[PDB]
């Protein structure tokens, strides 16, 4: 019985191959999660089909309707058997689905265009000449909305009140905005993506400062899933054998363009 894998088009985790049109099935896709899915299925002994999440979302529960969207939605409503993607392990998600132990550790970080005289969160919060912001929705924004730490609360108030808006619709828009803003915009995003973009042409961005927090991506399965236990052991084994580090290197650095 073929396992339905839900995932999301997010570089360099899952991308359509340049020559995808001459390809079929799983082979249409490449990336860190594509490689990880193969390793997991190999170790747990299952065949699987990669499917792209229908609504292009990760997974948030609507406050009013209480409906779950994205890949979490596909798990809880029975459309997919497992999610393999840069999906953060969080309390609200863990209440309705299971996560493996983390396959990648990350935190919120700062992206600047090279030349921008900013070196940390503190620096940013102490000035306004260089605008800075986050995705207009989701986890990073929420970190600042809910934060009780002085400097981060400060940054948050600055962001809500800054004009024009410092928020962006998509991660790509955030990156593009840093790139086209001639050193006058800084983007706060997950460190994994920051580190990746830093190795891509035109090589005009960099990561500065330490991560503002600490979290991890996990493989997700429905509660009670007969795959959950084996998938978790697979992630730990892959980590312990150095495979996860090797996959990170392959996709961030070896295939790097800088």
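Residue numbers count along the first chain shown, from 1. For the two forms, the rigid core is made up of the largest set of C-alpha atoms that agree within 1.5 Å on superposition.
Participant: Name the stretch that deviates more in 4 other deposited structures of this protein: 85 to 93, or 175 to 183? Use RMS CA distance to the shown form, core superposed.
Facilitator: When 85 to 93 and 175 to 183 are compared in 4 other deposited structures of this protein, 175 to 183 lies farther out.
Participant: Aligning on the core, I want to see which stretch wanders more in 4 other deposited structures of this protein. Is it 67 to 75 or 127 to 135 by C-alpha RMS?
Facilitator: Once the cores are fitted, 127 to 135 deviates more in 4 other deposited structures of this protein.
Participant: Going by the average Cα B-factor in the PDB entry, point out whether 75 to 83 or 161 to 169 comes out higher.
Facilitator: 161 to 169 has the higher mean C-alpha B-factor.
Participant: Would you determine, from the values in the PDB entry, which of 61 to 69 and 31 to 39 has the greater average C-alpha temperature factor?
Facilitator: Stretch with the greater average CA B-factor: 61 to 69.
Participant: By the CA temperature factor listed in this entry, which of these ranks top: 102, 174, 138, 115?
Facilitator: That would be 138, according to the entry.
Participant: Just to confirm, going by the entry's C-alpha B-factors, which of 92, 121, 111, 131 comes out highest?
Facilitator: 121 has the highest C-alpha B-factor of those listed.
Participant: How does the C-alpha B factor of residue 236 compare with the rest of the chain: lowest, middle or highest third?
Facilitator: Lowest third - that is where residue 236 ends up once the chain's C-alpha B-factors are sorted.
Participant: Based on the entry's values, in what third of the chain does the Cα temperature factor of residue 224 lie: lowest, middle or highest?
Facilitator: Residue 224: CA B-factor falls in the middle third of its chain.
Participant: Would you check the entry's CA temperature factor for residue 243 and let me know if it's in the chain's lowest, middle or highest third?
Facilitator: Middle third.
Participant: Taking only the Cα B-factors deposited for this chain, tell me whether residue 149 sits in the lowest, middle or highest third.
Facilitator: Middle third - that is where residue 149 ends up once the chain's C-alpha B-factors are sorted.
Participant: Lowest, middle or highest third: where is residue 52 by Cα B-factor in its chain?
Facilitator: Lowest third of the chain for residue 52's C-alpha B-factor.
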